[PDB]
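Note sheet for the following structure.
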Amino acid sequence: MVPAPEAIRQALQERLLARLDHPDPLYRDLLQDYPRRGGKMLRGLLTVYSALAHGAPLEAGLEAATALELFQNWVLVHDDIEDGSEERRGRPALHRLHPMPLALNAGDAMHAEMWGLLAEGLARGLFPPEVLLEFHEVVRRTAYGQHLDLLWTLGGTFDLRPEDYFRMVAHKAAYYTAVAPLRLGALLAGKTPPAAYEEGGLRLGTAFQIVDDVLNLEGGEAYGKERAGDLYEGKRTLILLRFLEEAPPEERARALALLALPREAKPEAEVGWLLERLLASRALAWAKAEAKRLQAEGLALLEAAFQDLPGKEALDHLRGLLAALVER
Amino acid sequence: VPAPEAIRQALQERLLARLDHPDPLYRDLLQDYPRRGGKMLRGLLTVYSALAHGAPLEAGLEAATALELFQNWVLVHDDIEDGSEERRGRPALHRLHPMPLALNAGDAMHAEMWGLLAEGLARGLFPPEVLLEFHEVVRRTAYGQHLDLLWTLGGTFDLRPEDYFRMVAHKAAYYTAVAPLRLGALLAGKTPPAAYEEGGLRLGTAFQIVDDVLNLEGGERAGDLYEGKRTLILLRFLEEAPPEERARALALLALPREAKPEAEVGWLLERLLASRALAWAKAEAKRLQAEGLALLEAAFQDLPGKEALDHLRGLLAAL
């Protein structure tokens with residue numbers, strides 16, 4: 001049968017760490033630090049079951065998933081430096097445990113290892129050339145999305161149009177999170193992915209991001225950056241956009257004035273005030289409902305295409321994990 | 001065989017095209033360092049190496065473009081990492097732009113290097129072995145940079161020659177002198193001999209030592225001193241200097257560039273330019289250069305592209 005999710009998670013973790021092993025203890029420490037913080041590895045699991053559902057070999061699925069999880073990890077090391085995040089999954093960010101230059105460089109080394117794994121998997125016949133082209137698209141789109149995200153925070157004014165936000169998140173997070181796993185599965189099987197994988201996947205991946213943003217404001221276990229990190233960092237989120245659209249004039253102005261200040265200049269009392277307002281706002285409830293609406297739209301767009309997947313047991317798992325993008 | 005000028009032109013055009021983008025601001029950010037120009041010596045070495053080995057010119061040009069893309073994103077990140085204020089007369093990318101945007105630009109540039117390689121492989125222009133070599137290029141360079149940053153950022157100066165050699169072999173010698181040779185063979189579907197790494201690392205290292213010797217002798221006066229660069233000369237000096245003189249040098253080196261007297265630096269410069277360490281360093285560079293060339297002779301004499309080999313030998317002799 002198909003492996004259970006925990007067995008896949010354990011395998012991906014072992015493989016990820018093995019790709020980042022190094023004889024220099026400090027260097028190995030740097031490379032493996034973020035992977036060692038653990039996590040559900042949802043993107044990796046989606047990739048493995050997507051591969052199996054399309055009829056591609058388990059080994060090919062595991063290696064492609066290992067590459068995507070390596071991507072997730074180096075992207076977070078650099079994002080934490082770029083975003084000014086202090087924490088990552090319960091521990092200080094890498095550039096707060098070590099000199100920032102060493103963390104920046106470690107991220108580059110990890111990125112190189114992702115491509116090394118891809119070149120090796122291709123040489124062995126597990127990856128068609130198209131898989132490497134897909135990973136190029138993954139890094140290219142993600143980097144451009146991060147560029148748009150950073151530029152928004154640093155601008156003289158703030159574009160609040162939903163369309164601008166959705167374009168950014170589609171590149172920054174939605175594509176690699178939900179579209180790539182689907183496309184990779186088809187590519188590994190020598191199948192041209194249907195256009196619906198990107199259309200439906202972007203909806204699912206955007207819903208995923210909205211949920212991450214909700215979780216960042218709430219007081220649950222901090223799986224990502226520090227709680228309220230989006231407020232300290234001036235990150236655009238759908239919750240913030242909806243709040244600004246509905247808030248009393250005084251509150252809207254106060255939130256926008258806070259947004260214009262760099263992290264260190266944001267008054268602590270004002271960050272606390274905004275966090276309280278957002279958690280109690282109709283905007284938060286609206287964002288949660290919006291994530292579910294987008295999830296539904298994505299499922300609608302993928303249902304017909306999923307009829308063509310031969311690995312039915314794997315497909316059951318894939319549908320379950322796609323649901324987990326929003327329900328967790 | 002194309003003239004160096006024609007090759008430099010082609011690489012520059014290909015480099016900018018690989019970094020063009022529909023978003024003008026993003027395009028400008030990615031193309032910035034490339035548009036600052038340069039001799040593109042590593043790219044030239046790669047193209048002539050490809051031709052010397054009998055590889056198709058197009059394969060040599062694309063691989064060299066990838067190596068020059070590597071050089072550019074590495075400089076972007078290096079500048080952030082070491083705090084360099086300027087690059088070729090203008091503010092560094094992370095000075096001109098917010099550092100986060102420059103950091104990300106470097107990642108995007110690195111992504112395009114692999115995109116170029118992946119597309120070349122898909123078209124049948126590159127064998128997978130070429131991508132494995134680029135993986136080695138980034139892997140070694142990053143580890144070398146890790147060592148150099150570790151020492152520099154934390155004020156460590158008591159390093160042995162062995163430490164210097166290990167760091168420079170990884171940080172610079174490999175991608176500068178070894179990769180162009182191995183890539184040439186790989187692009188032609190040939191197995192690179194072990195001499196390419198052994199001889200290439202010696203040449204690439206000799207290259208660095210001579211440059212450091214130049215900054216001290218010829219010509220600001222001795223810029224590597226105000227920066228406290230861990231050169232073989234400075235490390236050898238410290239390895240042998242008497243307690244009092246060693247203490248004085250380290251005291252000066254402990255101070256940031258912006259806070260060290262011209263007189264105190266001039267003092268160190270005087271002792272270095274006339275030290276046995278400087279003489280030893282020069283001899284080491286000459287030894288390594290001669291050994292490196294000798295190791296490569298047999299393989300070179302058997303290469304099919306004689307005209308290209310002429311150019312290759314010439315570039316390696318200069319450096």
Side-chain angles (χ1 to χ4, degrees), chain A residues 22-24 26-27 30-31 74-75 78-79 81-84 98-124 127-151 153-154 262, chain B residues 21-23 25-26 29-30 73-74 77-78 80-83 97-124 127-150 152-154:
Chain A
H22 192 95
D24 180 324
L26 172 56
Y27 201 56
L30 284 164
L31 304 178
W74 73 254
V75 162
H78 281 186
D79 283 356
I81 293 167
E82 294 163 14
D83 299 342
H98 303 267
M100 182 277 280
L102 299 179
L104 202 173
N105 185 64
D108 285 343
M110 293 160 77
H111 185 183
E113 289 314 311
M114 180 195 87
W115 287 103
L117 172 54
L118 290 166
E120 293 181 13
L122 176 141
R124 280 176 298 184
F127 301 159
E130 287 87 342
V131 165
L132 275 65
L133 301 173
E134 177 66 27
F135 268 86
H136 166 238
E137 192 65 12
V138 162
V139 190
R140 179 182 170 86
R141 290 202 194 196
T142 305
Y144 182 51
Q146 177 63 348
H147 168 80
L148 296 173
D149 194 38
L150 292 168
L151 196 69
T153 294
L154 295 167
Chain B
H21 196 280
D23 180 325
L25 307 184
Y26 194 57
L29 176 62
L30 302 182
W73 71 255
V74 167
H77 282 183
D78 278 2
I80 295 171
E81 291 161 4
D82 67 20
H97 300 270
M99 181 275 279
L101 289 168
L103 203 170
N104 185 66
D107 288 341
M109 292 160 77
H110 185 182
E112 290 314 303
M113 183 198 82
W114 288 103
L116 179 168
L117 295 167
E119 291 174 4
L121 184 144
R123 279 196 304 289
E129 284 80 359
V130 167
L131 276 69
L132 295 176
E133 179 59 32
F134 267 91
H135 160 258
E136 193 66 19
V137 164
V138 188
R139 175 177 178 85
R140 294 202 192 194
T141 302
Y143 181 54
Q145 173 69 343
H146 165 82
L147 293 174
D148 207 17
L149 288 172
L150 178 60
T152 304
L153 302 179

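Each chain gets a letter, A, B and so on, in the order the sequences are listed, and its residues count up from 1. Computed over heavy atoms, backbone and side chain alike; hydrogens, waters and symmetry mates excluded.
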With sequence neighbours excluded, tell me which residues meet side chain to side chain contact (heavy atoms under 4.5 Å, CB included) with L153(B).
-> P99(A), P101(A), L149(B)

Got a sec, which residues hit side chain to side chain contact (heavy atoms under 4.5 Å, CB included) with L116(B), two or more places apart in sequence or on another chain?
-> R18(B), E62(B), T65(B), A66(B), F126(B)

Flag the pair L26(A) / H146(B) as yes when at least one side-chain heavy-atom distance between them is below 4.5 Å, and no otherwise.
-> yes

Residue from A111(B), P127(B), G106(B), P128(B) scoring the most non-hydrogen pairs under 4.5 Å with chain A is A111(B)

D149(A) CG to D79(A) CG distance, which is reported to the nearest 0.5 Å | 8.5 Å

Tell me, for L30(A) versus chain B, whether the close heavy atoms (under 4.5 Å) come from the side chain, the backbone, both or neither.
-> side chain

Proximity breakdown for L122(A) and chain B, heavy-atom pairs closer than 4.5 Å | side chain

Contacting region of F135(A) [heavy-atom separation from chain B under 4.5 Å] = neither

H97(B), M99(B), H77(B), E136(B): which one forms the most heavy-atom pairs within less than 4.5 Å of chain A?
-> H77(B)

Are the aromatic ring centres of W114(B) and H136(A) under 6.0 angstrom apart?
-> no

Name the member of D107(B), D23(B), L117(B), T141(B) that forms the most heavy-atom pairs with chain A at distances under 4.5 Å.
-> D107(B)

Take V138(B) and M113(B), measure what side-chain contact (heavy atoms from CB on, under 4.5 Å) needs, and give me the verdict at the end.
-> CA-CA 11 Å; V138(B) 188; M113(B) 183 198 82; 4.2 Å; yes

Is chain B contacted by the side chain of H22(A), its backbone, both, or neither, given a heavy-atom distance below 4.5 Å?
-> side chain

By a 4.5 Å heavy-atom criterion (distance strictly below it), what part of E130(A) contacts chain B: side chain, backbone, both, or neither?
-> neither

